[PDB]
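1. Give me a model of this one.
(2 chains, ligands or ions: 1)
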Amino acid sequence: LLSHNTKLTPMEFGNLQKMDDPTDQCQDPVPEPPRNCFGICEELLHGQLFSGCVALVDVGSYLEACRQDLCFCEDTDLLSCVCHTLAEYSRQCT
Amino acid sequence: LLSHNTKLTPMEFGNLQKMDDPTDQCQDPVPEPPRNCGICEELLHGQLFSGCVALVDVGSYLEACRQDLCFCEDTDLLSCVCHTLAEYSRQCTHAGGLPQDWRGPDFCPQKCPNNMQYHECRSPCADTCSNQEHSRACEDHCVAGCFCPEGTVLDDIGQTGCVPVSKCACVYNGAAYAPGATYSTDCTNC
Ligand SMILES: [Cu+2]
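-> Numbers count the residues shown, from 1 in each chain, chains lettered A, B, ... in the order given. Shown next is the structure:
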C-alpha cells in the first residue's frame, strides 16, 4: 500500500496491478458512494459453528466481508449471500 | 390431551376445541404426511438471544421456526422466520428477561410513525408532555414496540411525534399553550 512513502487505497492498489489485453483497454472501476446498507453474519460467525476457528483466524475482516456480500446481494434470500464468505473462512481455518 | 386415559394428539385436541357457526359447517383439517423438509439455529442459539435462553427453552421455538421456514410460500427465507422470533422475544419479555434488538433494515424491518424507533424491550408506560414521569412509575414488564428516542417525550397535545421536554406545550382550561406562554387569574400568575 506504499508507492513512494504514501498510502495507497485498495482501489488504487488494485488498479496498479492491471495488465490489459492488446486491444481490450478495459476501463478502471469508478468509485461509488457507500450505500450505508449485530445481524445474521454476526450470529453465524460468532456462533458455536466456528469455535476452534476463531482462536486461529480473526473474524472481523471476514465479518465485514460477510456484511458487504449481504449488502451487494442480487437475490432476496439473505441465507444464500453468506455462503461464499463462510466457505472462505472455513478454508482459511483449514 | 387426556380425554379418558387416552393420549390425545394436537389435531384431536384442536378439533375438540371447535365451536362452529350456525349456518357455516366446517370440515376438520386433513392430517397430512410430513413433507420431509438451519437458519434458526444460528440466531436462536446465538448470543443475540443468549440473555433469553436461560429463562425460556428454545427447543419448541426452534421446531416452530423450522416449521415456519419450511411451510411458508415465498423464498424470503431470511425474512420468513420473523414471526417465531417475535413470539420468542414476547415470551422472553413475559418471563422477566430483557431481549435485545435483533431486527434491522434488511432483516425483519419494522416501521414506526414519526421519529419513533422499534425496540424489543422497553417500558410500555410511555412518557408524554402531560405525564413526563410515567416510565419511572410503571408496573408492567418491558414490551416490544415503537418508542420515542431517549431524551424526548411523546407529544400528546399537538400530536407532532416525539419532542424534547423543554419544548412541550401546556394545557389550561382546554386550550393548548406554548412554552413561555402565560395566563393569569385574580391572584395567580402562571
Ligand atoms: Cu406478561
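2. What segments of chain B are helices?
-> Assigned by DSSP state H, the helices in chain B fall at B:10-16, B:39-45, B:50-53, B:59-71, B:82-94.
3. The residue lying closest to residue A:3 once chain neighbours are set aside and chain B: what is the separation?
-> Closest residue in space to residue A:3, ignoring its immediate chain neighbours: residue A:16 at 7.7 Å, by C-beta to C-beta, 6 or more residues apart in numbering or on different chains. Placement of C-beta: from N, CA and C, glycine included. For residue A:16, the distance to chain B (C-beta to the nearest C-beta, to the nearest Å) stands at 34 Å.
4. doesn't residue A:8 make contact with residue A:16?
-> Yes. Counting by C-beta atoms under 8 Å, residue A:16 touches residue A:8, with 7.3 Å between them.
5. State the distance from the residue nearest to residue B:168 when sequence neighbours are not counted to chain A.
-> Leaving aside its chain neighbours, residue B:168 sits nearest to residue B:129 (3.6 Å; criterion: C-beta to C-beta, 6+ apart). In this view, residue B:129 and chain A are 33 Å apart by C-beta to the nearest C-beta.
6. ok, back up a step: compare residue A:16 and residue A:8 and say which is more crowded by neighbours.
-> Higher neighbour count among residue A:16 and residue A:8: residue A:8, with 13 against 9, using other C-beta atoms under 10 Å in any protein chain shown.
7. if we can go back for a sec, could you list which residues are in contact with the residue nearest to residue B:168?
-> B:153, B:154, B:155, B:156, B:157, B:163, B:165, B:168, B:169, B:170 (C-beta atoms under 8 Å, 6 or more residues apart in numbering or on different chains).
8. And residue B:165, by the same measure?
-> Contacts were defined as C-beta under 8 Å, 6+ apart; by that measure residue B:165 touches B:129, B:132, B:152, B:153.
9. number of nearby residues for residue B:85?
-> Residue B:85 is flanked by 24 other residues according to other C-beta under 10 Å.
10. count of residues packed around residue B:181?
-> 12.
11. so who does it touch?
-> The contact partners of residue B:181, taken as C-beta under 8 Å, 6+ apart, are residue B:170.
12. Output the helices of chain B in a markdown table; the columns should cover distance to residue B:4.
-> Output for the helices of chain B, formatted as a markdown table (distance: least, C-beta to C-beta, whole Å):
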| stretch | distance to residue B:4 |
| --- | --- |
| helix B:10-16 | 12 |
| helix B:39-45 | 38 |
| helix B:50-53 | 38 |
| helix B:59-71 | 27 |
| helix B:82-94 | 32 |
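13. how about those in JSON lines, adding distance to chain A?
-> Conversion of those to JSON lines gives the following (distance: least, C-beta to the nearest C-beta, whole Å):
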{"stretch": "helix B:10-16", "distance to chain A": "29"}
{"stretch": "helix B:39-45", "distance to chain A": "5"}
{"stretch": "helix B:50-53", "distance to chain A": "10"}
{"stretch": "helix B:59-71", "distance to chain A": "10"}
{"stretch": "helix B:82-94", "distance to chain A": "11"}
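14. does residue B:8 really touch residue B:16, like I thought?
-> Yes. Counting by C-beta under 8 Å, residue B:8 does reach residue B:16; the two are 7.4 Å apart.
15. between those two, which one's more packed in?
-> Set residue B:8 next to residue B:16 and count neighbours by other C-beta under 10 Å: residue B:8 wins out with 13 against 10.
16. That one and residue B:2: what is the separation?
-> In this view, residue B:8 and residue B:2 are 7 Å apart by C-beta to C-beta, to the nearest Å.
17. Name all residues that make contact with the residue of chain B found nearest chain A.
-> Nearest residue of chain B to chain A: residue B:78, at 3.3 Å (C-beta to the nearest C-beta). If a contact means C-beta under 8 Å, 6+ apart, then residue B:78 has A:40, A:77, A:78, A:79, B:39, B:106, B:107 as its contacts.
18. Give me the nearest residue to whichever residue of chain A sits closest to chain B, chain neighbours excluded.
-> Residue nearest to chain B within chain A: residue A:78 (3.3 Å; C-beta to the nearest C-beta). Once flanking residues are discounted, residue A:78 sits nearest to residue B:78: 3.3 Å by C-beta to C-beta, 6+ apart.
19. Which stretches in chain A count as helices?
-> Under the criterion DSSP H, chain A carries helices at the ranges A:10-15, A:40-45, A:60-71, A:83-93.
20. Alright, calling it a day.
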